[PDB]
Amino acid sequence: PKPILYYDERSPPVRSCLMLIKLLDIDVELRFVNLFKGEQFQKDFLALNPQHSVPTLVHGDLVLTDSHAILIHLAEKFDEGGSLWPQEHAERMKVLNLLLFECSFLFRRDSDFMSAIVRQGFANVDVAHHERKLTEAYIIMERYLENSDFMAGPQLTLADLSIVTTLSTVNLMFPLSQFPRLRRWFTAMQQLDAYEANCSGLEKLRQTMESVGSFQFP
Amino acid sequence: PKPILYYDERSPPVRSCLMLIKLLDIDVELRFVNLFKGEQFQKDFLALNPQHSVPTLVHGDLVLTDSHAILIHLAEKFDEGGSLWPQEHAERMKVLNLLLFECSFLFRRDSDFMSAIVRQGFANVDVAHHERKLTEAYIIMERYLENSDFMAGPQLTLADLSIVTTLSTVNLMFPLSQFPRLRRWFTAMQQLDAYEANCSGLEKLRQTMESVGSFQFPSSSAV
Ligand SMILES: CC1(C)CC(=O)C(SC[C@H](NC(=O)CC[C@H](N)C(=O)O)C(=O)NCC(=O)O)C(=O)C1
Ligand SMILES: CC1(C)CC(=O)C(SC[C@H](NC(=O)CC[C@H](N)C(=O)O)C(=O)NCC(=O)O)C(=O)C1
């Protein structure tokens, strides 16, 4: 049966999966779960994913509850022989390493920041604190890009898809003007056909944040 | 070339790799990085890992900066065809899925709690808040173990090694009395020879945390 993606396109890790679906032309059935209404706490979704998180993928009997597992799974089933998830071990480990960096460091810090706005109101967030945490992520990715057109090497991989959606979200608040490699990479990413799938949810997140946080992004 | 593991055994994700190294009898050179003295900010280590995090593995010219990639890399190179990182696609996806649960949810929440203690002192931490966050993680893992007999399936996998080190760290603070499957599973993990690689760093974490946080964990909590 075709895969099913439970999703809220405001979420960075959802948008990474939407970009891969568009890049690989995967026929998928989308099911919207409204996180700001708490629809992730509906009893049947919680039964499916007790982490109450999106993206969640149901593909046959397989239930994946993390965008990085979904990215890898979809590339393995639908892009065998592709370069997005390279077959050579050392290259695949480098892509895996950067996907985990996205989860563990970039997304963690952006999520901490944005959740603080949601839950405290923008005016009550220590923006300087989060600016330092997130500028440090920028600095790290700028080094990752030294002598490398893309995050994990010379070609576009799953790591770029994961990182670009969160990066574009950080960039709602903090500009890339100080990071030339990272700003050129982001411009290049924005020229992908598949980047179209990031646009709609990023703007929806911008609008939802500004409403719930009682503020406007620079 | 022999793998080099930059490590602080107090760190849960370090201990998961140490468990795999002992379980597979991998010869690895250990290089200590004292997180509580800020040695992860020495210029040479930042050059190697700009996230200034342990575990960091150097194996040949491959540099891995996340425990879950290290676990997968070491299983592929030293447990080829094994069942820790299974070859069947759906089974491997389930292990990967739970490795990411440990990264995204359990460790995130345990790290947030313990970092708050380090930065604020235990008496200034909203312990009730973190108790809610972490008990929710217990509930989730109990549900996983209601469906299977290990975290990602019927056999031991990398997911159990990743999850048990953080589980044991959470359980320094919060008891497992109300969680029978998780107690049964935890007791089974404690029977593995490889669990020795978790016991020592866990105790050092307990002692350092009590010093820095000016508190004591409830001795009755730990299983
Ligand atoms: C305010 C903001 C930006 C806060 C967020 O964190 C997100 S992302 C939505 C979130 N999804 C995950 O946390 C999955 C992370 C995994 N590592 C992965 O799939 O990669 C989510 O579902 N939250 C719902 C909840 O926790 O109840 C966001 O969209 C809004
Ligand atoms: C107080 C406590 C428990 C806080 C912690 O978070 C840790 S773990 C040490 C930490 N390592 C990582 O964050 C790696 C996470 C990756 N997803 C992975 O490898 O799996 C670390 O190195 N911190 C140093 C720093 O950030 O400066 C801990 O040990 C202490």
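In what follows, every chain begins at residue 1, and chains take the letters A, B, ... in the order their sequences are listed. Atoms within a ligand are numbered from 1 in the order they appear, just like the ligands themselves. Side chains included, hydrogens not; waters and symmetry mates left out as well; all remaining heavy atoms used.
- Salt bridge B/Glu203/B/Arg206: present, at least one basic N to carboxylate O contact under 4.0 Å.
- Salt bridge present: A/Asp112 and B/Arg108 bring a charged side-chain N and a carboxylate O closer than 4.0 Å.
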Name each donor-acceptor pair under 3.5 Å that joins a side chain in residues 210-218 of chain A to protein atoms two or more places apart or in another chain, with its distance.
{"from": "A/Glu210", "atom 1": "OE2", "to": "A/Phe217", "atom 2": "N", "distance (Å)": "2.9"}

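- Closer than 4.0 angstrom to ligand 2 by heavy atom are A/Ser104, B/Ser11, B/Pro13, B/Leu35, B/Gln40, B/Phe41, B/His52, B/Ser53, B/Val54, B/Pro55, B/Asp66, B/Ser67, B/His68, B/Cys103, B/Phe107, B/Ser111, B/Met114, B/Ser115, sorted by chain and number.
- Evaluation of the side-chain contact (heavy atoms from CB on, under 4.5 Å) rule for B/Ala123 yields no partner, not counting sequence neighbours.
- Residues forming a side-chain contact (heavy atoms from CB on, under 4.5 Å) with B/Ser104 (at least two apart in sequence, or on another chain): A/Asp66, A/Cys103.
- Ring centers of A/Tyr138 and A/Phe174: at least 6.0 Å apart, outside the cut-off.
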